[PDB]
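First comes one chain, alone, set out as structure tokens in the form deposited in one PDB entry.
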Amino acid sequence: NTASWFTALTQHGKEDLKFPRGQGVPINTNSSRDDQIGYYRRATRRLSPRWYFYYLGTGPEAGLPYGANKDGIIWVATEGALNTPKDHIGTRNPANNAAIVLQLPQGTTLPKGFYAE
């Protein structure tokens, strides 16, 4: 029920989403180095699946610890991130804020059949 802060990654292909370690946390300048960790969750349909990012300890799978195994949940973190729930970041209120356009830093390797839109 809680909304992601970011727009989705579209799964235009076959394989499930996955990133190298250290990669895949959306850019968000209203979040600190401590805050750069969480999960993408594949959504159940409204066609190509969409994956949405949530900060660790927020959202549909807030109760999961990092790296926990669940179908349609994959984990990402940046070096420096604290392994704690991001209660102060939370999830987005669509009444107050539009989705942030999901952007990843230069070089980042999106898997085959994924694009930011």
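Each residue number is its position in the shown sequence, starting from 1.
Asks: Unmodelled residues of the deposited sequence between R46 and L47: none, 1 to 3, 4 to 9, or 10 or more?
Replies: Per the record, 10 or more deposited residues are absent between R46 and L47.
Asks: On average, are the C-alpha B-factors higher in 53 to 61 or in 66 to 74?
Replies: Higher of the two, by average CA B-factor, is 66 to 74.
Asks: Higher mean Cα B-factor in the deposited model: 97 to 105 or 8 to 16?
Replies: The deposited B-factors put 8 to 16 ahead on the C-alpha mean.
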